[PDB]
Structure formats: structure tokens, C-alpha cells
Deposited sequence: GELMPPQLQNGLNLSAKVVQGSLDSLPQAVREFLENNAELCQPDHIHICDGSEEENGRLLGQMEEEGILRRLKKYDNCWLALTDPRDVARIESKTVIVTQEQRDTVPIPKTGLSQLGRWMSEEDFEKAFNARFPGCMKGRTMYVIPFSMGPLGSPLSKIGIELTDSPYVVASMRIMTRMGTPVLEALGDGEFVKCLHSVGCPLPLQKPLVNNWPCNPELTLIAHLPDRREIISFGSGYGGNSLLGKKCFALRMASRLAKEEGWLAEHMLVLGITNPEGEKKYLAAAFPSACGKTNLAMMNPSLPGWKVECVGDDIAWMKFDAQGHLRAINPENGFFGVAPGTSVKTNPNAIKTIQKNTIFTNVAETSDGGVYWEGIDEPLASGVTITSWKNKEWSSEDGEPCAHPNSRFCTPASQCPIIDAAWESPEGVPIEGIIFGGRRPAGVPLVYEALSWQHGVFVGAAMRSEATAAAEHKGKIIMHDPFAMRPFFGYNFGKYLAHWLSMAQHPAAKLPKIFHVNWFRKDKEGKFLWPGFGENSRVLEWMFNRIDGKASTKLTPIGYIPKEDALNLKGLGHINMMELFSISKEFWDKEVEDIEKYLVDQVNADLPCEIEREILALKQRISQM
């Protein structure tokens, strides 16, 4: 029966629980075939060809084994309005706010999700193949890694997951009879197609819904083929579901890159940073530092799982296997290590294509050769003159982590790396200095809680987890606060940075990119035990920041803290936190809000 539809692998080699999960959903989804993925090169190569024949991907002949997917323009991004978490009680998932709808999560009742589900999945894979992706989040076979099984009817998903996770037969062997996260995904276009297909990219924007059911350990996603919505081990599992597991079992799952930096005397520290949208995350994680004798190496550019070890050090591991980076704005100048990374074995999505088979995008900063022309991400001849970008602004590259020329030697050590500093941020055109340090752990938690970033709109993105909390943010804030009562904890120092402060003409006060290494240098030396006290925390004292080799920098304006800007800031932060967090806001946070007000009132 079922075995008759299997075109690769054997039902009988799957652990029984994996087999039951597959059986239950094949019966539900009614796919024409079952493909058990093995993770092999040969399978990958096979699936690429198949994808090329069908028009899903094009070869990028300028490079070694790169491919380009173009999507339906209705499906170009993770969509938060269609993303929900499902729990018996609303409060376990989001706080009940004082006014408005919560912006800290979107809960759906189990009754509502059951109707939503039944309206979408039965028969959804008719006419297509159901692929079975065994994948590990974390180095294969570690005790501290978690495994999932994602069923999908999208080969683009398979190939992306092979890069972004460890996938294939070795994960099934490691999993044996263990537990796993059940992940079900369908693009939602059963054949025969009921609606047109744009660029050979199936999606069902109307019914798109990305659900998480933490008590069942299930992620169920329907109707988008796009990254955050389809690659379920990354945002769905490694951030949302995990942040909730972590709150239960003593650890943290966070939206942080992790880098190791070494000073000219050979001392090395690992730092973690949580930044909101469009703040240069990959750019910092794989920075080529400008300061002589300094070295930066990349552990991860997006997510980190962290847990206190036996001596109380917070150790991080990057549960991903690759980088799903925003492409526009990537160039040799801004991120030479990212460029080198994506020179081969990479999938690109919604970027532009040169006539010689290369890629292109806003900010790539690479003159075209005489006669080379550009095809945009909508498949049309393109020119600067048309008044739309040649690449979608959320376009991506999906690339093996092992290819980063500065990948850290410890990026896959199953014991993780010891975090000595955590860095929060955002895009703040006015008011917020280049760097400041927290006064205490509780104050550091409040700094993360207070994060805002200009996306002409400025929004709150606390800890850069606003779209990703797996559970009540007030409870997450308690969970972080409680780290300070962990026996012998060695708490990382907390900082906040802003690469985007502008003068009155809107020009950047700070050059950023490699020059950010000057700011990392000061944090590094602060971790080693100097400062100038201000109401918002410590900034570097006069002349402490290393400016050698830079053109002029307006230090005074860059580090300026005005009472008036900050009177409004703290009023905004208070309003936000008391309104959105309400009955769940920890008293430690309340005290930090008041204290900042008190300090600001003293200026």
C-alpha cells in the first residue's frame, strides 16, 4: 500500500515513531509519492536538475554550482500576520495587553486551529511528492542538539534545508527511537492546479498560516514556500518552539549571531548580538575588522542556544548549518567574507541575474562589463531608470556555513562557546549613542526589553525577538532576570550599540563595517575590567575609543545624550512595556523603568 508510493528509501528503516508520523500525514495529505531524503550529494544534484527542468531554479553559470529561485511576488517573506502559536490558555503564549492587540505574539485557540487545519491540509499534496527531511538543529549526534522531521511537498525546501540544517540518513541514525519535532509543510497547491502559477512557484497566500503547537511538539505550516515560513527548523523550531522549551529546561534560545574576536595579544572572547531588521547582522558576525592585529571569526549569524555550564559560564551553540542572509547591500566593501562564502554551492532567491549568469542586487557595488545586461527578479530587462529595484529587498542567499573563510574553529563544538558579552541594538537615527554598557544585569535586561529600531517608522523589537517569542514575553523577561540567581553564574556584560546615528542632513556619523571593530575593542577591554557614567549607562570616557586611522569623527554628537530626547524615550518605553506586558511585567523591570526616569530627571 503506502510502500507502493515510496520512490526513495524504505518505510522499514525509519524509526517507528518517524514512520507513524509519515503514515498519518501521507494519509491526510494524499501525496502521489514519498521520498525519504538521504542528504546525499547525489540526491541533491538529482533534485537540482529536477528543479531546473521544472523552471523552479535556474543555473547561475558564472559560479560553481549556484542556483536562483524566483518566487511569486505574493510570497516573498516570512509573514507575521499569518503566524500563530496555539495553546490551551492565551496567557501562556502572549500577555493580555492593557489596550490594543498584543504585538508580542498571536495566539490561536486549539478549537480555532483545528478548523483552520481541516480547511487546509486534507488532500493538499495531491499530484506531488511528499519529501521526508530528517534534520538536526545543532552538531550532529550531540546530546545538546534537537532533531526534527519535516514533511514537505517542496523540493526548494529540501535543498534549502540541506544547507541550513544537518539533514539526511545520518540524522535518522542518530535519532534512533528518540523523540523529534514534527514539522508539516505544504505549499497548498494540490494538482490539478486550481489557480495560475507565477514563475513556477506554488503558494496559496489566502490560506497561508504558520502554526506552532508546543504541547504537541508540532509546527504546521501552509501556503508559503518562503524561508522563514517553510524552513521549519530555523524560526519556527530553533527560535519559537525552542525558546519555550528552554524556559522550561534552564536554557535560552535567542535571536543572536555569535562571533569570536581575538586581540593582538592572542586573547579571544566570544560575543553574542541581537539586532533587529536591517541592522548588519551578518556583517558584524563575519566582519573583516579594520584594526591591525585583531581577528573576527563567525560562529553564527542568526540564532543561538545558550545554557550555563558547570562553572556557570553561558555557553552558546549555533543550531544552524548555514546562512540565510539578506543579499541586497552585500558587497566586497561591506562584507567581503560573505561574498567569498557565496561563491559556490549556494541558492539565491529573488535576486537579479546578469547576462553572463552572475547575480546582482542593489548595493553589490560591482560595475558590469561592457555588454553585460541585467534581468531583474521579476524576469524583466532592467535598468536603473525603471524606478524599482533589480532584486527584491528581502532577497536571500542560502549558503553553507563551512564555506565562510572565517568560520570559527569552534562553530560545531558540541560543548558550545563561552559568551562573555551580549550586544543589543537597532536603527536609531537620533538620540542613541554609538555604544553604551548596562549598569547591572537587571538594567541589561531592561535595555534589551527597551529595544527600538526605525524600519518612516520606529518600532519596538525587544531582544530582537518580537516576531519570535515562543511564550509570554513577561515570563521570558522573568526567565532572563532569574539568570542572576543562578549559582555562581558568570553573567555576560551587556551593551547596546547603534551604527546608524545621523547628523541633521541624515548622514551617518559613524562609518561602520570594519570600523565597528573599534567598538568591539572597547567592549572587549571593558569585559577585562574604562568608563564615563551617564543616565543611560556607561559610555567610553574621552579618548578611550580607538580612532587611529579614521577620518574625522564627530565624537560629541555621536555620544550626545540629551535630556529631552531621553525624557521622551523613557516615556515611550514605559508606555510600551506597561501596556503590552501589563500584569506580566516583572517588578525588576518596573524598577528599572523608574530608575532611568529618576536618572534622567537629574540632568
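Practice prompt. Compare the deposited sequence with the modelled residues and state the ranges that are missing C-alpha positions.
Written response: Gaps in the modelled chain, taken against the deposited sequence, lie at 1-12, 468-475, 550-551.
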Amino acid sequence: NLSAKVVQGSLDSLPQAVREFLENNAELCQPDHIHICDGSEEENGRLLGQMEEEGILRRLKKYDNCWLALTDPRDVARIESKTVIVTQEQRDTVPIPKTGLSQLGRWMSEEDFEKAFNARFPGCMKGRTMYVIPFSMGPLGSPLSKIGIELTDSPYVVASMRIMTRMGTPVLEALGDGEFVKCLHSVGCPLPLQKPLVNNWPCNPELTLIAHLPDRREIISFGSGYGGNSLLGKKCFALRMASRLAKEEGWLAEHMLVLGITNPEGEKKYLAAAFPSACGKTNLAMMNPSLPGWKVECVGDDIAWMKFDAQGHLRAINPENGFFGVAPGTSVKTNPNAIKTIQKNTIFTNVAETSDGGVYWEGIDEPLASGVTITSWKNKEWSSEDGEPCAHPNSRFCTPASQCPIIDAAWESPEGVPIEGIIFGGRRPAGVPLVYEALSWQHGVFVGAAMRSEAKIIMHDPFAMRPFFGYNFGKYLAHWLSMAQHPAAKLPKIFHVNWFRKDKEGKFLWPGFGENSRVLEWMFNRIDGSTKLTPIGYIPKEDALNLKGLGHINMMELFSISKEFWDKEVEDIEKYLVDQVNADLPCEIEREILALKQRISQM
From here on, numbers count along this sequence of modelled residues.
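Rigid core here is just the name for the largest C-alpha set that superposes within 1.5 Å across the two forms.
Worksheet item: Which stretch is less alike in 6 other deposited structures of this protein, 276-284 or 472-480, counting RMS CA distance after the rigid core is superposed?
Response: Looking at 472-480 and 276-284 in 6 other deposited structures of this protein, the bigger mover is 276-284.
Worksheet item: Taking C-alpha RMS after core alignment, which stretch differs more from the shown form in 6 other deposited structures of this protein: 149-157, or 482-490?
Response: The stretch that sits farther from the shown form in 6 other deposited structures of this protein is 482-490.
Practice prompt. Return whichever of 11-19 and 581-589 has the greater mean Cα B factor according to the PDB record.
Written response: The entry gives the higher C-alpha B-factor average to 11-19.
Worksheet item: Averaging C-alpha B-factors over each stretch, which comes out higher, 544-552 or 65-73?
Response: For C-alpha atoms only, the mean B-factor is higher in 544-552.
Worksheet item: From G250, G168, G100, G444, can you pick the one with the highest C-alpha B factor in the entry?
Response: Answer, based on the entry's C-alpha B-factors: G250.
Worksheet item: Based on what the PDB entry reports, which of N525, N321, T334, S453 has the top C-alpha B-factor?
Response: The record points to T334.
Practice prompt. Within this chain's modelled residues, let me know which third the CA B factor of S136 belongs to: lowest, middle or highest.
Written response: As the PDB entry reports it, the C-alpha B-factor of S136 lands in the lowest third of its chain.
Worksheet item: With respect to C-alpha B-factor, does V187 fall in the lowest, middle or highest third of the chain as deposited?
Response: Its C-alpha B-factor belongs to the middle third of this chain's values.
Item to complete: Going by the recorded CA B-factors, say which third of the chain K504 sits in, lowest, middle or highest.
Response: Ranked within chain, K504 CA B lands in the highest tercile.
Fill in: Ranked C-alpha temperature factor of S142 among modelled chain residues, by third
Ranked within chain, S142 CA B lands in the highest tercile.
Worksheet item: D365's Cα B-factor: lowest, middle or highest third of the chain?
Response: As the PDB entry reports it, the C-alpha B-factor of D365 lands in the highest third of its chain.
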